[PDB]
There are 12 protein chains.
Amino acid sequence: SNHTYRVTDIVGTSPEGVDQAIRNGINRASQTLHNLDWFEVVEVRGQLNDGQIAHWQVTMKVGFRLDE
Amino acid sequence: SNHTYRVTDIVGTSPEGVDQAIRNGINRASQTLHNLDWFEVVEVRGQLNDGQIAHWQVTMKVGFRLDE
Amino acid sequence: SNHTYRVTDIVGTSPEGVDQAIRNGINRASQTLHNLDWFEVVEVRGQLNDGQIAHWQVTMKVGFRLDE
Amino acid sequence: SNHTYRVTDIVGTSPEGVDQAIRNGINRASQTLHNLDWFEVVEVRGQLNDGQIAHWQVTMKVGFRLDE
Amino acid sequence: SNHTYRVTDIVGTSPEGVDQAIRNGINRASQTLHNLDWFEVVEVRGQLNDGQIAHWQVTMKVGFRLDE
Amino acid sequence: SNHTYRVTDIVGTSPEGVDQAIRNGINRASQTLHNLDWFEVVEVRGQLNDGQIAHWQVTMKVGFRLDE
Amino acid sequence: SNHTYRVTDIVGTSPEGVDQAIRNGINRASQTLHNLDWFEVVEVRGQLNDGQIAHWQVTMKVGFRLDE
Amino acid sequence: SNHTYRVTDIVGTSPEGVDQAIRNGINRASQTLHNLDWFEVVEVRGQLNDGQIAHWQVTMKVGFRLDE
Amino acid sequence: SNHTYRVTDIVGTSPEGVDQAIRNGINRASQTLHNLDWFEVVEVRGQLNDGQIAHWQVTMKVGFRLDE
Amino acid sequence: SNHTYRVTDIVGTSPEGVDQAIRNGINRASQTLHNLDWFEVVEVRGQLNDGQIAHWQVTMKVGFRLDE
Amino acid sequence: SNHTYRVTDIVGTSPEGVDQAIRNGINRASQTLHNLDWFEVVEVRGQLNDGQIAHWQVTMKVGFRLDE
Amino acid sequence: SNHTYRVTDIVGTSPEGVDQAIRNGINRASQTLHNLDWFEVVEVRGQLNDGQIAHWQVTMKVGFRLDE
């Protein structure tokens, strides 16, 4: 009822696409941040090599509960 | 001719992903709002549950013709 | 004293210009929405054909008093 | 789980303050819009007269479930 | 008639809260600026001191009619 | 070369349209502000009465040279 | 089909007004950029000179098809 | 010394209102983050439960001095 | 060491989805623009027909190294 | 006392650079506006003259205490 | 008087600082783009390595006159 | 590989200027945050004291690689 959350930005990356970039970022975030509650996608970027998409980079706001 | 459009925000949700969240939102919107012309994705959120991405929420601007 | 307003987006269009696009949008909006109080221009676009301006499109926030 | 929400802007007003302006807006909105789920305060204004605050105006994003 | 308004930013402050910070700012503004018409809240800040909220600072757009 | 400018917001109004609202605002501003150099249109609003545009309100950033 | 567009910013200018500033900008843009599809007005500025509005400057996003 | 600050987002919650949501968030933040200096309110949200306000959520930028 | 980049907006389109809209836009952009380095998604739209998604349109900032 | 601040925009200019443009603007502002407390840089522009940087313009929010 | 300008984004880089990053970008831009008139700094970034600033990156809006 | 980054805000301060404020912030940040990759300048402020610029405050987004 009086829960407090903290939000930081995490950047997930994947050669495969936006969806996998998000999962990679959330998976890695979950290991150092406990109580991950939600994320909001705030930016989608790509690294190009020739005219080909080499890396997808997804910036997410990530909310997590502070312990009580 | 001189078509007039209205725009409101709709939030589509799905356990499955962004794509299905959008289709669910558009399908349900289409049943009360007629002449849907376009949508603009404005926000993508996810709820985590049991260490999984449980729910996707996509906020869309949805434009519809007033005229038929 | 404690009046409540609602705001939606309306897109007016006109071959003539910005001013007529707004009037067309307000006139058409006034026929389904009652008690129109104000509008705020949020976007002005033009559709070009053969490098000439065919259509003006003006997106407006439109506020209206809710009845009782 | 596959619920769809719609969001519009509602402006509550009160001579008394921000809090009462919000409650007035939500109360009146709840009478035409069913299944009100959340609101987000987006703007707080005042009408001034003789260097005194006569009216508070609070613009809120208001989300409501579409029936199923 | 064809009234003209000017708008500047005013920062009200109070140890007590947002509401009193606004009133303090408007009261002090009204003494040098005549014909105050409206304000729009643009920013709410707080200074923490000894692990307590010591000051609230509210930035407001303040509109006033120019004399004729 | 080392000229300093100040910028404030002025709201011009006219029953006739955007262009006349701007001229009315600039004319009235020029009487109390000296050395008016430029303006930038930042907002266009209207007061509606029935479904008819009664007043146009144009907010302008207005720059003026400080004397030396 | 799967048309690709490019968008750049163009600033049209005119002593006469906003409308002519836009036409001047679009006309000149159309001579190096082919397949102009749309423009979005993003900024309207005016230079004052000799107590008159001397120059209008309109910044437009201009979209053009790559394809013909 | 040339003091360095860090800023994160914290979400305070309260059934009671905005003011208490802020205090709850700041109090809880102060227990893991040392040397809290300031906060800026960036979002105020409310959960409705059968058309009554159940829960307030306030997102704040929170600045704190890094030790030396 | 002192590389210079340029950035323009590109709109990719696809009947298939966001991912393919981006690839189509990047592929076509790479044929007139050399040394594509990165892209940033700035807008995702869909054109609806009979309340079904016909076309995805993705606006991207696209950065490319200038030659010597 | 509960101090009240006013904020206006000032544009400082210098042939030399950003830093000197700011100091010129603040110095000149300090002569008509009393009790200058803070500034926030909001825009940095440069005029080119045959492909060399001739003039810097820095727009700043400037806060000053109102007397009591 | 009826001059038309075009604006694109250019990213200058330098190991030395913001000022040199801008000059590098403007110098290189001036070689392919003729009639450079102004720039507006829109973003300043750094590449960090071993907690040290290796590269400065400055994104600038750059305006240039189209030939007549 | 599929590197994950985190981003927080850091405020560097210096009596000397923007450049030194950034370096002070990055240096102090590097001592608690490992694997600093980039920063983005988001805000530049100055405190005025005795009619002089006493402190520069630069807010930066700071990205760092998460360990694996």
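Residues numbered from 1 in each chain as written, not as in the entry; some residues may be left out. Chains lettered and ligands numbered in written order. Heavy atoms only, no water. Residues with missing side-chain atoms left out of burial classes, pairs and counts.

By the method listed in its record, X-ray crystallography, this PDB entry was determined to a resolution of 2.40 Å.

(A) Fine view of the overall build of chain A. A tally of helices and strands in chain A yields one helix and three strands. The C-alpha atoms of chain A give a radius of gyration of 14 Å, which is well past the 11 Å a tight globule of 68 residues would have. Taken along the three principal axes of its C-alpha coordinates, chain A extends 50 × 20 × 15 Å. Burial analysis of chain A (68 residues in total) assigns 56% to the buried set. When the 6 positive and 9 negative side-chain charges of chain A are each reduced to one mean point, those points stand 5 Å apart. (Helix = DSSP H or I, 4+ residues; strand = E, 2+ residues; numbered from the N terminus. Rg over C-alpha atoms; globule rule 2.2 N^0.38 Å. Buried < 20%, exposed > 50% of the residue type's maximum accessible area, 1.4 Å probe, protein only. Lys, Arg positive; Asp, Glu negative; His and termini not counted. Charge placed at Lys NZ, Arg CZ, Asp CG, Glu CD.)

(B) Representation of the side chain of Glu40 of chain D within the structure. Along the chain, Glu40 of chain D turns up in strand β2 (residues 36-49). Polar side-chain contacts of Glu40 of chain D include one of 3.3 Å to the side chain of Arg45 of chain H. Excluding residues that lie within four positions of it along the chain, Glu40 of chain D makes contacts with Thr59, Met60 and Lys61 of chain D together with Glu43, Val44 and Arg45 of chain H. (Polar contact = N/O pair within 3.5 Å; in protein donor to acceptor, adjacent residues only side chain to side chain. Contact = heavy atoms within 4.5 Å.)

(C) Summary view of the interface of chain H and chain A. Contacts between chain H and chain A engage 14 residues on the former and 13 residues on the latter. For the pair chain H and chain A, the summed buried surface comes to about 1100 Å²; carbon and sulfur atoms form 47% of the total. A per-residue breakdown of the area chain H buries against chain A is headed by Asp9, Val11 and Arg28 of chain H, which together make up 45% of the total. Counting every contact that joins chain H to chain A gives one salt bridge. Linking chain H with chain A are seven residue pairs in polar contact, by the criterion used here. Looking at which element gives the most residues to the side of chain H that touches chain A, the answer is strand β1 (residues 5-14) of chain H, with eight residues. Split into classes, the residues belonging to the side of chain H that touches chain A amount to four nonpolar, seven polar and three charged. (Buried area = accessible area lost by both parts, 1.4 Å probe. Salt bridge = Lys/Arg side-chain N within 4 Å of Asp/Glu carboxyl O. Nonpolar A, V, L, I, M, F, W, Y, C, P; charged D, E, K, R; others polar.)

(D) Spatial organisation of the pairing of strand β3 (residues 52-65) of chain K. Residue and element names in this part refer to chain K. Both strand β1 (residues 5-14) and β3 contribute to a ladder of 10 bridges, which runs antiparallel. By the bridge assignment, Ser14 is partnered in β3 with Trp56. Examined bridge by bridge, strand β2 (residues 36-49) and β3 share 12 bridges and lie antiparallel to one another. Residue pairing in the sheet places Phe39 in a bridge with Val62 of β3. Linking β2 back to β3 in an antiparallel pair, the connection comprises two residues, with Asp50 at a positive phi of about 60°. (Pairing = 2+ DSSP bridges.)

(E) Spotlight on the arrangement of the chains. At their nearest point, the C-alpha atoms of chain D and chain G are still 23 Å apart, with no contact between the two. Here chain D and chain K are not in contact; the least distance found between their C-alpha atoms is 26 Å.

(F) Geometry of the relation of the copies chain H and chain A. Under the fitted operation, chain H is carried onto chain A by 0.1 Å of movement along the axis and a turn of 121°, and the coordinates agree to an RMSD of 0.7 Å. Such a combination of turn and shift is consistent with a three-fold rotation axis. Closest approach to the rotation axis among the C-alpha atoms of chain H is made by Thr8 of chain H, whose C-alpha sits 3.8 Å away. A share of only 14% of interface residues in chain H that are also interface residues in chain A marks the association as one of differing surfaces. (Least-squares fit on C-alpha atoms.)

(G) The arrangement of the environment of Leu33 of chain H in detail. Along the chain, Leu33 of chain H turns up in the loop between α1 (18-32) and β2 (36-49). Not counting residues up to four positions away in its chain, the partners in contact with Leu33 of chain H are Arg6 of chain A together with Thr8 and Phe64 of chain H.

(H) Up close: the pattern of salt bridges. Inspection of the entire model under this criterion finds 64 salt bridges over all chains. Residue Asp37 of chain B pairs with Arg65 of chain B through a salt bridge whose shortest N-O separation is 2.6 Å. Of the two residues, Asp37 of chain B is situated in strand β2 (residues 36-49) and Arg65 of chain B in strand β3 (residues 52-66); the sequence distance between them amounts to 28 residues. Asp37 of chain B gets classed as buried once you look at its relative accessible area, which sits at 18%. The residue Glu68 of chain I makes a salt bridge to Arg65 of chain I at a minimum N-O spacing of 3.2 Å. A single network of salt bridges, built from pairs that share partners, joins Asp9 and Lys61 of chain A, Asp9 and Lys61 of chain H together with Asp9 and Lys61 of chain L.

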